[PDB]
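Peer 1: Here's my sequence, what's the structure:
(chains A, B and C, ligands or ions: 1)
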Amino acid sequence: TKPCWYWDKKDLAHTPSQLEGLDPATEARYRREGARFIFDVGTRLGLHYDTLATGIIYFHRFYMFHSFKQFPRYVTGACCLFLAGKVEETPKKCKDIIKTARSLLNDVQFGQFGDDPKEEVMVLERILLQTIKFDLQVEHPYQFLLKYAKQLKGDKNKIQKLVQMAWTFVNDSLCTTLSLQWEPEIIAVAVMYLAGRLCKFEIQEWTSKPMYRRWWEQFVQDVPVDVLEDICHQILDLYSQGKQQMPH
Amino acid sequence: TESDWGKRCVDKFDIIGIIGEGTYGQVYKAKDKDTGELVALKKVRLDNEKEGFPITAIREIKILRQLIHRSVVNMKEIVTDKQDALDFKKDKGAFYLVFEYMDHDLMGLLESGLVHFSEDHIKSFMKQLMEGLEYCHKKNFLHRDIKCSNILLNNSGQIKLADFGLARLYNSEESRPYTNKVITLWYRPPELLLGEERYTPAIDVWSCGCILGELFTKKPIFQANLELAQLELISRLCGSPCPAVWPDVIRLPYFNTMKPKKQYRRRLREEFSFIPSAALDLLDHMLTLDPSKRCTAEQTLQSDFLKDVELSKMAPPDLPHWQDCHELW
Amino acid sequence: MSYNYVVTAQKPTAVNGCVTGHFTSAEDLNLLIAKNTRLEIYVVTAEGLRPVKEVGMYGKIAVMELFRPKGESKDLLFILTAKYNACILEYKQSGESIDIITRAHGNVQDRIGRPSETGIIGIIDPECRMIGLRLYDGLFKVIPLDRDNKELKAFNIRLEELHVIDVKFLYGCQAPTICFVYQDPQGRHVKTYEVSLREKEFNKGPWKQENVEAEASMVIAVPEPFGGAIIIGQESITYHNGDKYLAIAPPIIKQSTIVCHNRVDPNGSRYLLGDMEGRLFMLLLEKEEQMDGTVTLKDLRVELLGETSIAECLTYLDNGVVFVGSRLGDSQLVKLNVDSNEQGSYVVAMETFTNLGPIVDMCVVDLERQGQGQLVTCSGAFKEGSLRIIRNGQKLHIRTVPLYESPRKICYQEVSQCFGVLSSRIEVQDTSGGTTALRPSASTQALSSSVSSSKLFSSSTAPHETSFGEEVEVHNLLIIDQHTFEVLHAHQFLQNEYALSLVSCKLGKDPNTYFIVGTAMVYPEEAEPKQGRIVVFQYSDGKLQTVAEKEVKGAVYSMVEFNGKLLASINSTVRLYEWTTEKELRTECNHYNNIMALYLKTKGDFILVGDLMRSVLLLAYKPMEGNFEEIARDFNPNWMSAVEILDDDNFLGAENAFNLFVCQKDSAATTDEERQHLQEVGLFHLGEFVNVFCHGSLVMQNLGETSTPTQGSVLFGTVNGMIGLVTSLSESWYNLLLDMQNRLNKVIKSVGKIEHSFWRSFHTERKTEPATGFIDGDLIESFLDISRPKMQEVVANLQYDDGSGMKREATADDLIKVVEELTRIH
Ligand SMILES: CC(C)c1nn(-c2c(Cl)cccc2Cl)c2nc(Cc3ccc(OCCO)cc3)[nH]c(=O)c12
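Peer 2: Residues are numbered from 1 along each chain as shown, chains lettered A, B, ... in the order given. See below for the structure:
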């Protein structure tokens, strides 16, 4: 019926990219760059956040089936956004994505697009569609972050600080393979859980079950804390690997 | 696995012929070589590459995989032509959307006009259509192109909606600007004729309302060639749009522009007096001018006309297959 | 775009209705006969009919009634066309000048309504206060006959009884009153209402509902001496008038359905009744006068008079003379005698008016090696069935060959100097368990005979029970000599086997010429036949030999010879068979993308397929591969009655809505989608039901015939007996003829003031399109009949194009010459 889009962390040691001699740090870097390319390009074009994420999820999924050495990442990124726009009904013309990609890429990077940028991107659409098995519908942590926050009642200002801090964590998790390890519902909870710890908030008090210390179980059944901690640790790992610090 | 779409080859189907012309390619009738099932293949051509893959098809793939209902057409898989090449970037081979084959289409069955539709046949037909629309509306999807040709019927009496090419998600909280020229003039609601963007799901109800009337006369209700003439015909029957019945009609762009000849009174019950009482009241609510006062799909299912219809007792319309050829002397 | 020309070679002959009255003068007795689109006016004499006037109307005549409102000297005529064009007409004669006046006119179509099952009904009040029209279920339309209603404006009264069978205005009522039989789930009932022009609604009627026979068919309004109404059914005749109720159920009428009625005595003492088997009865109202001075109806009696042609309409004229208007066979004048003849009959035929009847099939054959061609039709039905031989000689010469059974298909086999004809006759389940024919006919009066002994469907595990009295069709292949039209041989097919298709040809390397028949096993239980045969016969030495049979899983609706191979359509499938050296049929290739492959035509390696609802599809045989290919399909949905190929690119079709259309290959190689699109470039409302298209012409060809502008020749036969001809034009010739039509339509006065452009517009219940690609040759050929002032008016400012001279002005004498050449194609 529907395909399975989630792998175990241990499985990422065997992406095509890894087995062609790319080391783990480099593939992680390529993923961040490709995702942030998609993010930045679409933001310049004024695209809805769902459209950016959908392109990123396509991009992440794509390189579970192909190697970064045979498919230049920024071409792939551009193509993903193009289709993402048509899927999410925020369409853009391919020529406009190229224009923006050229504005943001230097001369070396734009070399990936070859002699005809538009053609290289349009051609890849066939491969992308077959790669993602035409499973175009994608859900993202954002909608769950809001669906669950709406059910929190309490200090308007403390809850809004939680939401914005968690939202930023969602934007940052798109640069990672979490999109490939855990369903979005878990991500939304994980980012709430992380923002709560950082803000010294005890979310259970805002739930309909204020003495249910595991506040998330009423939102997402069957989630081990270990899973949430693994996700949080991975988000904070990205924050430490940079110079940037937690938003607070 | 069954989910790995886009890889299986169209070699696996014996093509029977071209049933019809679609939007993004021709539609073909075919038989699966392995199982013997009849399917309908919609050809999607990306060779033009003006915008690559057609969005119309993207909507049909995105939505119809989510939607599973007895009265919605089941997309089975997507198959491709032989690459004919080991290297990509040289492939123009098209993709085919596999659907369940449907024996007949409603317009086709009507255009012959010797099809007889009793009250019980209409009950069974309409209930399935509304149940499918309700399924789609609960999932917050708008068909936006409901016409007779889009309704499909096989001989068992099963009704299935199809051609979701223009379907898009509707958000009640966030008003979203829409295209505003989506439904065929004959089945377009007065709100769209007045250039109302951000339309409600009630547009689909109006179209299904025009069909309800059409099934009792065998003739479409509002036949016009131009947007103004259509508003006039609707007005001769439903009454002219005016704040008296449509408080927000003044906000619609073309209200001061597209005035009908007169400010007509509503005659729907008079010109349809030959319709059963349970059905006629359903029509009046479905053909209500103000989309905020127009009934919903769920409300149609909770009507005296459709509430107590039994889904099991399909009651198929009698279709002539012998003695139709030679007219009885 | 494509350009074509359509003319009538023989006008409609079937009688669709007939009335009497005082229409031409308050003094004369008139007989108005309505054939499809044609009105014939006669005057009754002591010998027969004197014709006085004939007009054509731009519409099918649906209602025809004579009435005389207070203040008029003579009867006026009301006519309503099938496109709902209404009008009131007057006859006016000025010495030698006869013309028809349009006194009132308009179109009474409703924007919303469901057309009724029993068709348009029109009746007029005895006091001529209003015209009643039943056009839609649940509605009764009233045209009040006031002097000011020159546009025939009308209003609808809501009618509760949705399914109405028949209605009449009653005699002897204080107010205008209607009597109608209607059907609801509890059976059929007779009910009455009063019509109020002041209130514009119904009021409670004079007498209560009575339950009537389930198959109550017709309502008779009886004149004032008795009053009330008579209800005719299948088994019983009943009279109702308030509390009075009578019922006679004589066994004689049960045998055949009664279809027509007419009053003989203005008193209402006597009526005529006719039934489908052609019998003519007298219905007698026996009076009894009471001491009040009042006369009541004592009893009803039915007396058989004799046999007439199966009549759509009867009308008694005067003395003993009755006009029999027949749709299935020849119309008649018959005299009713007081004394029976030695055979017991009171009916003796006077005159016989030719009716080509329903033309089920036909072929063109040069019987006398004349280069001309004679047209041989399958005409009529049941006892009226016949072949007709038709040749030009200025009128058509027509020989009639009676068959007394229904002819279905005809094909000519020259090698055998004879015709093959498929036929079916009606037998009835009898007390022997078998069946008995109601009369002898061609398939029983054959010189030599044979009966199929095929064992193919011999298991017949599925039971088919028979009840005494039920009808069955018995199908035969007739071998008929081309000079004498003697039935040389009759082959009877299997029980419940229908013969649907017939060809004569040679196959493969086989030198023998065969008759091949395609059949279907028809059982009342089956929605669609699932068994059938292709049978190969050889007619040799006065005997028909069964050569080979091929079983098929369906009905062989159509067959045609295809480059020495046999092309047959079985239900949805279109199949190509080869004829082996072992004299058996062998399948080569199949095509399945059809709903029902009803009609087939070929040209070269191309095949045109006519479908029940999917219009026409162009196939091609690809010899390099040994299979079929789909070339192009007409996606617009049309119900087909007959198809024909005009040339390698244009295709002609006939719709069940009485429409003609022409499809062409788009011949644009931009997209494979365009090539596969057959574009409907010709649309034309014919007004007739086309059963058969046939290439050929009846015009004598001495080879000296001037080459006419028209190219090609297709004849077609219709249900009303009308025979037509379709031919092609050059772009230059079409534009001239078309520009001239628009000029003629402004000049020529239409009966009922019906716009010609409206009449010829393509029309279904769901669509109306302006005609295109077709020249109404009958309009063009009327230029020769208009007065000189009108001719010169037509040619004013008329220019020619794409000719020797690019722009060339036309004169009245110029067009008379062109039209006269166009009259020579038929
Ligand atoms: C792809 C599937 C969902 C589909 N599509 N369509 C369609 C629509 Cl939804 C709109 C316009 C035209 C067509 Cl063909 C469809 N029609 C129909 C009705 C239909 C039309 C023609 C048929 O014989 C052609 C004989 O040469 C048989 C059936 N049956 C479908 O299955 C279908």
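Peer 1: Enumerate the residues of the stretch 51-200 of chain C near chain B.
Peer 2: C:110-115, C:136-139, C:158-159, C:162 (Cβ under 8 Å from any Cβ of the partner chain). C-beta coordinates here come from the backbone N, C-alpha and C atoms, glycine included.
Peer 1: Skip the chain neighbours and tell me the closest residue to residue B:62.
Peer 2: Excluding the flanking residues, the one nearest residue B:62 by Cβ to Cβ, 6 or more residues apart in numbering or on different chains is residue A:136, at 4.4 Å.
Peer 1: ok, now residue C:491?
Peer 2: residue C:477 (4.3 Å).
Peer 1: that older thread, and the residues of the stretch 51-200 of chain C next to chain B, which are buried?
Peer 2: Those of those that meet the buried threshold are C:112, C:113, C:114, C:136, C:137, C:138, C:139, C:159, C:162, by 16 or more other Cβ atoms under 10 Å in any protein chain shown.
Peer 1: so how far is residue B:210 from the first one?
Peer 2: For residue C:112, the distance to residue B:210 (Cβ to Cβ, to the nearest Å) stands at 12 Å.
Peer 1: Find the residues that touch each one of those two.
Peer 2: Common contacts of residue C:112 and residue B:210, defined by Cβ atoms under 8 Å, 6 or more residues apart in numbering or on different chains, comprise residue B:221.
Peer 1: Which SSE is immediately downstream of the helix or strand residue A:85 falls within?
Peer 2: Using DSSP states H and E, residue A:85 sits within helix A:73-87. Following helix A:73-87 in sequence order, the next helix or strand is helix A:94-104 (DSSP H and E).
Peer 1: for the following helix or strand past that following helix, which positions count as buried?
Peer 2: Counting by DSSP H and E, the element after helix A:94-104 in chain order, helix or strand, is helix A:107-110. For helix A:107-110, the neighbour count (16+ other Cβ under 10 Å) marks A:109, A:110 as buried.
Peer 1: Please apply the same query to stretch A:161-173.
Peer 2: A:161, A:162, A:163, A:165, A:166, A:167, A:169, A:170, A:171, A:172, A:173.
Peer 1: Would you mind listing what in chain B touches chain C?
Peer 2: Close to chain C, as judged by Cβ under 8 Å from any Cβ, chain B has residues B:16-21, B:25-26, B:29, B:107-114, B:213, B:216-221, B:233, B:236-237, B:270-274, B:321-322, B:324-325, B:327, B:329.
Peer 1: Quick check: neighbours of the helix or strand hosting residue C:363 in the sheet, parallel or antiparallel?
Peer 2: Using DSSP H and E, residue C:363 sits within strand C:359-365. Paired with strand C:359-365 in the same sheet, following DSSP bridges, are strand C:374-379 (antiparallel).
Peer 1: just to revisit the earlier point, show only the entries of the buried ones among the residues of the stretch 51-200 of chain C next to chain B found in strands.
Peer 2: residue C:139 (DSSP state E).
Peer 1: Look through chain A and report the residue furthest from the middle.
Peer 2: residue A:211 (33.1 Å; Cα atoms, centre = their mean).
Peer 1: State the three-state secondary structure for the closest residue to that residue other than its chain neighbours.
Peer 2: Closest residue to residue A:211 apart from its sequence neighbours, by Cβ to Cβ, 6+ apart: residue A:204 at 7.3 Å. At residue A:204 the chain is in helix, as set by DSSP: H, G, I helix; E, B strand; the rest coil.
Peer 1: if I look at residue A:204, how far off is the ligand?
Peer 2: 50 Å (Cβ to the nearest ligand atom, to the nearest Å).
Peer 1: what do you get for residue A:217?
Peer 2: Taken as Cβ to the nearest ligand atom, the span from residue A:217 to the ligand is 43 Å.
Peer 1: That residue is in contact with residue A:225, isn't it?
Peer 2: No. In this structure residue A:217 lies outside contact range of residue A:225 using Cβ atoms under 8 Å: 10.2 Å.
Peer 1: So for these two, which residue has more residues nearby?
Peer 2: residue A:217 (14 against 10; other Cβ atoms under 10 Å in any protein chain shown).
Peer 1: Just give me the neighbour total for the residue nearest to residue C:491.
Peer 2: Residue C:477: 26 neighbours (other Cβ under 10 Å).
Peer 1: doesn't residue C:418 make contact with it?
Peer 2: No. With contact defined as Cβ under 8 Å, residue C:477 does not count as touching residue C:418 (11.6 Å).
Peer 1: Three-state assignment for the residue lying closest to residue A:81 once chain neighbours are set aside, please.
Peer 2: Closest residue in space to residue A:81, ignoring its immediate chain neighbours: residue A:55 at 3.9 Å, by Cβ to Cβ, 6+ apart. Secondary structure of residue A:55, reduced to three states by three-state DSSP: helix.
Peer 1: Surely residue A:74 and residue A:111 touch.
Peer 2: No. Assessed by Cβ under 8 Å, residue A:74 is found out of contact with residue A:111, at 9.5 Å.
Peer 1: more neighbours, the two?
Peer 2: residue A:74 (23 against 12).
Peer 1: Could I get the contacting residues of that one?
Peer 2: By Cβ under 8 Å, 6+ apart, the neighbours of residue A:74 are A:33, A:34, A:37, A:101, A:105, A:109, A:110, A:112, A:113.
Peer 1: Ok, residue C:745 next?
Peer 2: C:755, C:756, C:757, C:779.
Peer 1: nearest to residue C:483, of these?
Peer 2: residue C:779 (40.4 Å; Cβ to Cβ).
Peer 1: Mind checking what secondary structure that closest one has?
Peer 2: helix.
Peer 1: if I look at it, how far off is residue C:742?
Peer 2: From residue C:779 to residue C:742 the distance is 10 Å (Cβ to Cβ).
Peer 1: isn't the residue nearest to residue A:81 right next to residue A:84, touching?
Peer 2: Yes. Shown here, residue A:55 and residue A:84 form a contact pair, counting by Cβ under 8 Å, at 3.6 Å.
Peer 1: Of these two, which one has the most company?
Peer 2: residue A:55 (32 against 28).
Peer 1: What residue spans form the domains of chain A?
Peer 2: A:1-137, A:138-248 (CATH domains of a matching chain).
Peer 1: Can you add distance to residue C:645 and give the ones you listed back as JSON lines?
Peer 2: Output for the domains of chain A, formatted as JSON lines (distance: least, Cβ to Cβ, whole Å):
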{"stretch": "domain A:1-137", "distance to residue C:645": "43"}
{"stretch": "domain A:138-248", "distance to residue C:645": "55"}
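Peer 1: for the residue nearest to the spatial centre of chain A, what are its contacts?
Peer 2: In chain A, the residue lying closest to the centroid (Cα atoms, centre = their mean) is residue A:174, at 2.2 Å. Counting by Cβ under 8 Å, 6+ apart, residue A:174 touches A:35, A:39, A:52, A:53, A:56, A:57.
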